[PDB]
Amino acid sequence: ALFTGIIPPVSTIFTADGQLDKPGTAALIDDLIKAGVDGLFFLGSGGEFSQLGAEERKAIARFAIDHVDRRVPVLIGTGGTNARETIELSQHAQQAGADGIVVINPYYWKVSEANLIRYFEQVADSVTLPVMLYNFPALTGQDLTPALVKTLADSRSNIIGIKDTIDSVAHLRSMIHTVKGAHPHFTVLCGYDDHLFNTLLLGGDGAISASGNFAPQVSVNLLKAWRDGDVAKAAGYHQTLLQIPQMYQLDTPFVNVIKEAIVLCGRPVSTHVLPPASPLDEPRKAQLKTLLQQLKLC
């Protein structure tokens, strides 16, 4: 089973003028590796893939891959609405040395089932890398049903997992029974902090969630505790991850909040975000702070 455990959707650090902040993004990568994470995912939602042009995303990927220098597995999010561009980026990711790619369903047009399967097949064929699906129906408006995901895993041997970003036990439970039921080593990771625990108890494999950027220890320790068979300990951490998602209510998009948390949790980096996102106002920065303090994360 590939890409299990705690794999954060790493934040892309930018300068005040909007360029890649290499010292800062590198500093962030290094903290996260040091924290005991099982991989890293660049250019996910929290990486702000949807606010970057093709060429920019190529540049961020190659830098990120290079800086990681194979210390842990690296995933590159290559998705979007432009299928041809999805292939360019996915191929480039392979060339550039990535360990796999993460591909969301086209989210402008909700594409026919036939078209959707053909899309995913085509991208999976364009590379020899592992392909990790990415479901996020709240944003895509088209759910990758467990039936469909089983169909896709049956169809291509390199479609080997999924990040299920949804506040639903049923969806995660069904994803596990239907897909892992047919393919035991298919990876199922959840997209939200507050589902990591349940996702494990259901016989899933881990999480790619925002709290990896600023409190990676909680998820890493939850996982170690669970693998060590100490469940009470794991639940202890779950309890923190249960509360964490309050913060994300402070703005939309909440990439600003994640980056601001990174700072408050001890890593001084530029919190500049790309439009249509905006800086977090002062009042809500202090609210974030009080929240992080209550939870004992700074």
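Residue positions are given as counts along the sequence shown, with the first one as 1.
Engineer: Is the mean CA B factor in the deposited entry higher across 224 to 232 or across 197 to 205?
Structural biologist: Per the deposited B-factors, the answer is 224 to 232.
Engineer: If you average the Cα B factors in the entry, which is higher, 82 to 90 or 156 to 164?
Structural biologist: Of 82 to 90 and 156 to 164, the stretch with the higher C-alpha B-factor average is 82 to 90.
Engineer: Comparing residue 49 with the other modelled residues of its chain, is its CA B-factor in the lowest, middle or highest third?
Structural biologist: For residue 49, whose C-alpha B-factor we compare with every modelled residue in the chain, the answer is the middle third.
Engineer: In terms of the CA temperature factor given in the entry, to which third of its chain does residue 121 belong: lowest, middle or highest?
Structural biologist: Tercile = highest for this residue's CA B-factor.
Engineer: Among all modelled residues of this chain, ranked by Cα B factor, put residue 275 in the bottom, middle or top third, i.e. lowest, middle or highest.
Structural biologist: Lowest third - that is where residue 275 ends up once the chain's C-alpha B-factors are sorted.
Engineer: Considering every modelled residue of the chain and its Cα B-factor in the PDB entry, is residue 69 in the lowest, middle or highest third?
Structural biologist: It belongs to the highest third of the chain when residues are ordered by C-alpha B-factor.
Engineer: Name the third of the chain's ranked CA B-factors that contains residue 35, choosing lowest, middle or highest.
Structural biologist: Ranked within chain, residue 35 CA B lands in the highest tercile.
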